[PDB]
């Protein structure tokens, strides 16, 4: 789902995936959080 | 002070507004406390070189009664190594020891300029001065009994970081 | 060295090569990648477009491929202001041969004369040299199919398969490995779409951003016929080749 | 084409009893008219029930009937249209079990597989499912996905302005009323410009939330300026609107006599809202605490009979609420 | 103390209050807490006076290191002061 | 030293791209926000006019001119830069076409000839190319409706919805925001009014706003009757009094 | 920004200042568009400077109008004659 | 710097050569007023009074292009006289080839496009003077077209030139809102001169004598400039009101 994510970008997709888990009050990262993490970090790093 | 209010005559419209933002908060701070507005720190007096810069500087200290502090900007920025923070820190220490004092400056256009990104290229003494002046008023300890005054030609020669609210709240033009 | 005169082309460089030609190669790499292919039964032309904007109408405009005459179709890569000046001049000069000799101009005759037009600005006058990358595709009865390229130096080089623009060395390497001596027309289409897919950031290889032109000798009565397929037909060959 | 216009007039003249049987008769038109495309006709007939006031029974009976006919061939892709209006009727039905059971399975098929803007329409109703459920984890999450998609997809004026209203409601239980009321006053400017598209009951309820938000912040001048000044009133008056002024004046003097005085008179429109009654007991304990701090300030060990006379309530009521704190 | 920060304030708590207080929750997720946050916009709005108020709730030492500070013609003190902080 | 600000007049840009074009696009960015919408049944263009002094007559400034009755144009940039360009652009369409084919220039030929003048300004040294960007909208029998964005660099491309000026980047998303290719011309004008209103909130009336449309021929603007063969003008400029009518219906 | 969205800034600073019952706070959120919190803070402080100029400790409705007339200049430009074209 | 000597675009898009064009117009410190009446147009220019060694009749800030047409120029003198020679040449050539009067709308357009031609020439310097064209049109009637040295012209209800132009525009703006018209009353062209000078003195704040002003008058099919005795006659009638 992503494109050319280096070691720095993979850590953020994993970090952002855990960010939605905190809003869900869950200690685990659901699969639905990864779908929102790919569409975010890819567009997050593109800005600026 | 030295110069009385006779030489500054003709500015009375701007003088009365200057006394309310300077003379009143230094004497009776309760004026702005009931209104709810914060007292302005810096006040910029700008105009033609040598016209109104010396007269308005010594007139503020004469009418209020506070001591006259003249710290020209030409005594900070140099090609010599150092001479940056130690002047502003000790100037802040002198106004801290003696409360009835007011600081005045001159020739701010030489130490100013915005560059581009507010970085430094041959600015080594320029940028350290512009940033330190902002940290004194907005820092943990400001001068409540001392108002910062700057004298230059046009406000365009001053760092926009110092032009934001909280540092320079007043601009008076000398015609 | 330290003092470098970039002003006039008449000023020689210390190394001997004009630095305006070096920086003109960077302008070509900034545009889209255009890969010409010379085959035995025709010439296959394929290229990608630089504009990714959806509001722009790609189907109604061709940035690279243009038509000089019935027997010659070229693809320009470079400044648009310099393209319309040289292409229109080429169309005028190509018809001038048909005026005098009542015949179509061969590729080698047209390409050699267009190369000196760019050199004329560098040879004399204070005007600008036009950095441009063409794709020379056509057929005549002398040497047959001739595929040439246009460098910013104003020259031409024979190429059986060549890639210009972005990923020049990356796309040319893929062509040399899968190159075929016969170069079938159907295999040339599959070779072009396979190379453009790896050199394009878009993995789906959308049809609207592609320009596909094909020359074929196998038409009726053995005549050269140039047909630029519509973008709707460009999507069809992507499924047949297995891209989508 | 006229039946779509005739369908709106049937409810006006009282023919909705005949109209509910006319809608399922449109299945024969879909085999011919407009080459299927069931979204242009059947969805429009149900849309007329939202604009023109209609009974709840006639809306649910048709929505669960016309979908089960042969139109389902075209409704495979269009199922998003009828599912949103079906979950909307479940809100007035006050049963979210049938809606929530469908949404959970349907959210997987609604992401960029059918209709992109239809998400917020689903997340808006989903936020109301967990709101009545008293679940703040999924309600803030369903709205976040709708507010995040607001930059991607787009919604009309009624949907976008409702996203702010549902946001401010989430700030009711979390307190922090300094930044909370901004979402309520921002949406009202959108509903006021709807004109004919806005009814009397839709704009009257919005004012009940804006007045209640200012009462929680406890500003006496701002509450009185809304009802008294005709510029801020925009000619909206009801029992629930005037009840907010009596409650605001009750907090000024801090007296429980006038606090419960407007309770029994305005109880029709005052007790009809669950969010208003939820904050009613919040002020009931707030104004009482102000009265409880009056007897606690002097020295304790006094008579209980004199405590009820100072507060002004019964002995059993004072002992019950004080022991709860 | 300034309204309209709900967009920023919601982003501050997760990147400041959580890693300085609730960071044990990040260990249950399996990721390291964010080591910083970037701000983009004109100064004076939710930037200068706001970060000083955030240090109050976190009870942390607030140190001002700016871009125009530690700027001098001497050489070698620039990298030396950053390491000592 | 730094670059001399060359158009490639006498000197090619060492950076690989001409730096003054972006500085010429800065003059384009200096212009007012001007947008256009290409639909199936018509093309609408919208632009704002500078107020400047309050006593300046708004009817004197025309930011939408008339080249051919079937083709409109709108520009953003310096005032005199557009006049010199069009005064020469008209004579090109007359001699190269109207004095040969004796008809009204189509959309493909007219737009191409306008860009050729900018190409000559970049090639000929000593003459600076004008920094105005033109949005040309027209309708012909061959290609039909067309909307082209003419850049000062000499390149033009078709656009369904595009914007120029200071809001070139901002309004380009705003046009795509409320408008889609499947929408018609009638709903496109309302979108053009809402997007252009976000440029300046001071005065939205017809005085400082010049709105023009392209569409079905109008027999009132033809000037003569009796000939069914000759088609009427497909471009009709909206009067400022009629612009306020679309504002109340917006 | 927005008309009712900026109320969290204009209104918050107004809560820390003394205002008159006739003072109109809606006029500041209509004409003003896209202002930073620092520029907005100068608007309410200028209204207080007009009150002390009139020797009044309560900000009236006229002080809010006189404060806006000074704040009409936000970006740095020469009068209304900017944007040469 | 070399970037300030070039006519072409600057890095910030603000041309330094154009900024000096408007700066040179205020070098003479001349305040002129151009207003539009009903059937007539009267323009008054400030006449600087030198010593007795200069002829005031020869000194003029207003040049006569043709009948009904007049022009006032404020700025550098050497570029003011040469700009008048170009406007007169194009006025006569337009009345021959096209055989029709040259309106100030076109007369301001020719000099505006001519200024861009000077920018395209490296050896030729563009005009740094303001060209204000006034006349009475057969259809549009009174019209004012003021050409900036950068070639900008637009119609005006009332306009001026000088440092007080901001005070002149503000004073004349509120006066036009009361009557809701941009035209001066008293259709007689003799009385139009009275108001045009009256509104100028109130805007400038200084009363001028007969030698301090030069009053141009553009009537229908006629144009003339009031002499020293005619301007003095106007001041007598203005003093009584």
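Note that chain E is numbered according to Swiss-Prot, with residues 173-257 shown in order.
Looking at the header, which is where the method is noted, we find electron microscopy, 7.0 Å.
A Cβ is built for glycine as well, from the same backbone N, Cα and C atoms used for every other residue.
Swiss-Prot lists E:213, E:214, E:215, E:216, E:217, E:218, E:219, E:220 with the feature ATP binding site, giving sequence analysis as the kind of evidence.
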Would you find the one among the binding-site residues E:213, E:214, E:215, E:216 whose Cβ has the most company, meaning other Cβ atoms within 10 Å? E:216
I'd like to know which of these binding-site residues, E:217, E:220, is least surrounded, judged by other CB atoms within 10 A. E:220
Neighbourhood of residue E:219 (ATP binding site), C-beta criterion under 8 angstroms, separation at least six: E:211, E:213
Through the lens of DSSP with three states only, how would you label residue E:220 (ATP binding site)? helix
Select from E:216, E:217, E:218, E:219 the binding-site residues whose C-beta atom falls under 8 Å of at least one C-beta in chain G, and return them in sequence order or as 'none'. E:216, E:217, E:218
For residue E:218 (ATP binding site), what residues in its own chain, 6 or more apart in sequence, show a Cβ-Cβ distance under 8 Å? E:174, E:177, E:180
For residue E:214 (ATP binding site), just give me the three-state DSSP call. coil
The correct subset of the binding-site residues E:214, E:215, E:216, E:218, E:220 with a Cβ closer than 8 Å to some chain D Cβ is none
Is any of the binding-site residues E:213, E:215, E:216, E:220 near chain B, in the sense of a CB under 8 A from one of its CBs, and if so which? E:215, E:216, E:220
